Amino acid sequence: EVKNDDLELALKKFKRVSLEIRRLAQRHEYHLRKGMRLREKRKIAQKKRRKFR
Amino acid sequence: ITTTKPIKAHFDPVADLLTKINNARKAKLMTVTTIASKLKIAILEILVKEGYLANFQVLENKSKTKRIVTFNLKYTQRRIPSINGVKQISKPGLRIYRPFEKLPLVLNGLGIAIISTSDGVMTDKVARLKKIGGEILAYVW
Amino acid sequence: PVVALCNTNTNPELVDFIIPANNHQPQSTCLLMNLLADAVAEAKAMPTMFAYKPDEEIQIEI
Amino acid sequence: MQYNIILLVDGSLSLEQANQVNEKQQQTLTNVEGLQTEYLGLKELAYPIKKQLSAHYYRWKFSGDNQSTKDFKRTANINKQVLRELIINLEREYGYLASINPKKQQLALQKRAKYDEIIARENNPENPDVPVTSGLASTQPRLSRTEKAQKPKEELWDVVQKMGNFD
Amino acid sequence: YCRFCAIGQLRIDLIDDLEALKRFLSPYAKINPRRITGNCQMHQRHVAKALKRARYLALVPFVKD
Amino acid sequence: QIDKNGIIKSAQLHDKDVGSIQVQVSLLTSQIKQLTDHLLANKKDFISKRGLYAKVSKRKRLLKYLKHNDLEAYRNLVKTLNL
RNA sequence: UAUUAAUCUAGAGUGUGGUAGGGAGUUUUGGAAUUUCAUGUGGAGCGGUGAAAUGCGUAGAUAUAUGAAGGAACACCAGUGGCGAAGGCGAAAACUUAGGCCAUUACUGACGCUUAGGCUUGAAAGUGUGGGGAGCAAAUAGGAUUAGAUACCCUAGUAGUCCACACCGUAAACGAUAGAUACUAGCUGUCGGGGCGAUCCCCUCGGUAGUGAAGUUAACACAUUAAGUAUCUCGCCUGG
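Residues numbered from 1 in each chain as written, not as in the entry; some residues may be left out. Chains lettered and ligands numbered in written order. Part of a larger assembly, values for the part shown. Heavy atoms only, no water.

Structure determination for this PDB entry was carried out by cryo-EM, with a resolution of 4.9 Å recorded in the header.

1. A word on the interface of chain D and chain B
Tallying the contact residues gives 20 residues for chain D and 22 residues for chain B. When the two sides are added together, the surface that chain D and chain B hide from each other amounts to roughly 2,300 Å², 49% of it contributed by carbon and sulfur. The largest contributions to the chain D side of the interface with chain B come from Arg 142, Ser 144 and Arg 145 of chain D, which together make up 28% of the buried area. There are zero salt bridges connecting chain D and chain B. Remark: the boundary between chain D and chain B carries eight residue pairs in polar contact. Its residues placed into classes, the side of chain D that touches chain B shows six nonpolar, six polar and eight charged. (Contact = heavy atoms within 4.5 Å. Buried area = accessible area lost by both parts, 1.4 Å probe. Salt bridge = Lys/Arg side-chain N within 4 Å of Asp/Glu carboxyl O. Polar contact = N/O pair within 3.5 Å; in protein donor to acceptor, adjacent residues only side chain to side chain. Nonpolar A, V, L, I, M, F, W, Y, C, P; charged D, E, K, R; others polar.)

2. Focus on the sheet that holds strand β6 (residues 86-88) of chain B
Residues and elements named next belong to chain B. Spatial strand order, β6-β11-β8-β9: four strands in an open sheet with antiparallel pairing. A strand with exactly one partner marks an edge of an open sheet, and here the two such strands are β6 and β9 (120-123). Across this sheet, the average inter-strand angle for adjacent strands is 20°, counted without regard to direction. Two elements, β6 and strand β11 (residues 138-140), share three bridges in a ladder whose sense is antiparallel. Looking at β11, one finds that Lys 87 is bridged to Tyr 139. The sheet strands contacting helix α1 (residues 13-27) are β6 and β11, and the helix crosses β6 at an angle near 160°. (Pairing = 2+ DSSP bridges. Helix = DSSP H or I, 4+ residues; strand = E, 2+ residues; numbered from the N terminus. Axes fitted to C-alpha atoms, helices over the stretch in contact; angles between N-to-C directions.)

3. A word on the sheet that holds strand β3 (residues 67-72) of chain B
Pairing within the open sheet is antiparallel, and its four strands lie in the order β1(B)-β3(B)-β2(B)-β5(D). With partners counted over all chains shown, the strands left at the sheet margins are β1 (31-35) of chain B together with β5 (144-150) of chain D, one partner each. Strand-to-strand twist in this sheet, taken as the mean axis angle between neighbours without regard to direction, amounts to 25°. Relative to β5 of chain D, strand β2 (residues 56-61) of chain B runs antiparallel, the two sharing six bridges. In the sheet register, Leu 59 of chain B faces β5 of chain D, and the bridge partner there is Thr 146 of chain D.

4. Quick word on the packing of aromatic side chains
Enumeration according to the criterion identifies five aromatic pairs over all chains in this entry. Ring plane angle 85° and centroid distance 5.2 Å describe the contact between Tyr 47 of chain D and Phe 62 of chain E, whose orientation is recorded as edge-to-face. Remark: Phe 62 of chain E occurs in the segment after α3 (41-56) and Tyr 47 of chain D occurs in the loop between β2 (42-44) and β3 (54-62); the pair is interchain, linking two chains. Here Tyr 47 of chain D falls in the buried class, since its relative accessible area comes to 18%. The ring of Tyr 57 of chain D carries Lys 43 of chain D above its face, with NZ or CZ at 5.9 Å from the centroid. The aromatic ring of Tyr 56 of chain E is capped on one face by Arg 84 of chain D, whose charged end is 5.5 Å from the ring centroid. (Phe/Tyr/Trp six-rings, centres within 6.5 Å; stacked < 30°, edge-to-face > 60°. Buried < 20%, exposed > 50% of the residue type's maximum accessible area, 1.4 Å probe, protein only. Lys NZ or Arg CZ within 6 Å of the ring centre and 35° of its normal.)

5. Some words on the state of the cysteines
Residue and element names in this part refer to chain E. Under the definition given, this model contains zero disulfides over all chains. In this model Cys 2 remains outside any disulfide bridge; the closest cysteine sulfur is found in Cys 5, 5.7 Å from its own. We classify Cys 2 as buried; its relative accessible area is 13%. (Disulfide = S-S within 2.5 Å.)

6. Focus: the protein's contact with RNA strand G
Neighbouring RNA strand G are 95 residues; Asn 23 of chain B, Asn 66 of chain D, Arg 45 of chain E together with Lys 4 and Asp 45 of chain F lie closest to it. Backbone atoms, meaning sugar and phosphate, form 75% of the atoms of RNA strand G found within 4 Å of the protein. Note that a sugar or linking oxygen of RNA strand G is positioned 2.5 Å from one of the side-chain N or O atoms of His 10 of chain B. Those elements giving two or more residues to the surface near RNA strand G turn out to be α2 (34-52) of chain A, α1 of chain B, α2 (70-78), β4 (82-89) and α3 (103-114) of chain D, α3 of chain E together with α1 (21-41) and α2 (46-69) of chain F. Ranked by the residues each element gives to the surface near RNA strand G, the list is headed by α3 of chain E, at eleven residues. Of the residues in the surface near RNA strand G, the class split is 33 nonpolar, 30 polar and 32 charged. (Near = heavy atom within 4 Å.)

7. Some words on the arrangement of the chains
Taken together, the five pairs of chains in contact show their highest number of contacts between chains B and D. Where chain B comes nearest to chain E, the C-alpha atoms are still 32 Å apart, and the two do not contact one another.

8. Looking at the side chain of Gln 25 of chain D
All names here are of chain D. With respect to the helices, strands and loops of the structure, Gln 25 is situated in helix α1 (residues 15-26). For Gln 25, a relative accessible area of 11% gives the class buried. In this structure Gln 25 touches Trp 60, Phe 72, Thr 75, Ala 76 and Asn 79, once residues within four positions along its chain are discounted.

9. Notes on the nonpolar core
Of all hydrophobic cores here, the largest spans 25 residues; its most connected members are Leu 47, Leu 53, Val 69 and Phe 71 of chain B. When residues of this core are traced back to their parent elements, those giving at least two are α1, α2 (38-48), β2, β3, β8 (112-117) and β11 of chain B. Examining the composition of this core, we find that five residues originate from one element, α2 of chain B, more than from any other. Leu 47 of chain B has contacts with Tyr 52, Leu 53 and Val 140 of chain B, leaving out every residue within four places of it along the chain. If you look at the next biggest cluster of nonpolar residues, it comprises twelve residues, including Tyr 3, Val 32, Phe 72 and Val 82 of chain D. (Core = buried A, V, L, I, M, F, W, Y, C linked by side-chain atoms within 4.5 Å.)

See the structure below:
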């Protein structure tokens, strides 16, 4: 990806995007069954919803 | 008299009537409507003639081939229902018939038994004198 | 025997006498409680602020 | 039926050869008439296709039979002087129901809430009111008439009370 | 609130609605979910299909890295 | 296409009735004839097989109803091919 | 009740207008990426794991940027989501086609439910026939570990995962809940159709959620999307 800022203000958004990209990429490091992957999707959705409201 | 929502024939009038009256007795309603028939109106009349049903009005639709009946519940003082149980002995699959001498009694014969015999619809006590047998449909108490 | 001020969510069998009225609002409860206090005080011939008083008074919550 | 064809011309060649190619490949349709020819200018490519960076989009709308599309499709696919030959048909998500006309007011009414030229505006960008018309009946009533009533009775209203004697 | 349901689009052709289509793309060309815009489900699926075709039609980049 | 214009205008008793068994069986036979070609074109489609079986069973039910209800009604049906 | 003669549409069907859907077969194309190869750039590590080792690395590994070839899967989209009888269905388009929903003075006229037998479909694995085979890996080898390890750790790694024809009909093929049906307190959502009409909010009906009264229940729990009062039918069980 790409990110640009003058000298300093980049860091916070860089951390946010880097953590999001890492959490997305962790899904393609070791394979699981497709049904288990769907169940994991459901569980992540429930976790996010209950933490988001 | 408009309802804006029609009622249908369920599977057989006999079962549907008893299911609806039991639902009325258990869910605390005042007005309940059912399909109407000559046997139906006869049963309703013989039930209401001795203090088991209440004021019932039968309506005929504008096309003179359709008719249903609405009936109130038999209530008493201090908000207590009167229909204490209905049990359909007869069935669409099983049609159990008994002779005259073995006409069943409603737990002492003091309740109401419906005998739709060859001599029309008659209760147990009146039909005992006639010495005429018949069919048994439902115990009501 | 029991009397109570029941909102529109209760079971009208637990309490022998149901008087449905507002309870989330203060002055309504004030009025009904004062009427009941007059109803319990009339035994000892004590005076009343209601009960054949055509005029009412306001006491807002503070 | 209805059909739309969006075509990517080859490279960045001039408009004259572009129109020549457009009509030459347009005459490939078996027997369709009632067509239309339009152009959408020059646009750059956000991602390279084979080796080029710019192209022209051409949108052709027409209508005809469902058995007069194979020839042009295969001819465009075989030819190496085209890039994209995307086809759209009425099976695409759609709506033009004849009762959708009263949406005209809507197309203006939202613009009423979005209209703004001063900074002191205090109008409502979101006010759910749905002005009441009292016309909401969309169900068929079934009117009926009674016949008779046997042994009428009047039911007393619900009363729940006990303790008739305390003193 | 979203500017896709109240005003009413109800038909998304290939073009003549480019600004609205680009309104539903992030700087990295990712399609933002319902949790930001707020438009209807059917409208969201319609613009998703349109954006996928536009990707196939090179109106918007597949990925910007 | 599944276009339904032709067999309706000739298999009806009148233009006022479109619910008679005649139009029912004619349309069902036309649809069965369409699905035969459709399935022979798409050999390994199973929902098409299910639909064809359901429609032919429906046609059999209508034929047996007319057999045991109105003998003259299907006996004069020369457009409908038996077997 | 049953045979039967004759009527009506309130059951169900077909017609008309609107309407949703990753339903489904066949057929074309694209994108990241992985692998191999080609090009230039560079010098001792790379990889793996708790630590290590097998292995890979002067033949220039790794990495970098571009280019060529190849097979499989379609990032977000994507959801208290949708669609189906189920199995399951998610990049884009094309033709074929299945069913459903809302509203209807359309029309035959009880044609309906259910179904022993029979027939059709049915994840994955397996085999036969001919291809494909980029990774990924049953068995097997080696290294490491271990009291011993045929396993969890790692490097190769062929079946198969992919296609075309055919068979196999098996799984916790689950909602541990057969189908059709009338009625039986409410509330918070949520998608479609109709009216209303800036959606947002209102009303009518549906399928998809949670909560919850009576009642049901051994309890857990059930609750208009029954496991309730009930009917019809098929299948099933009488201690391991």
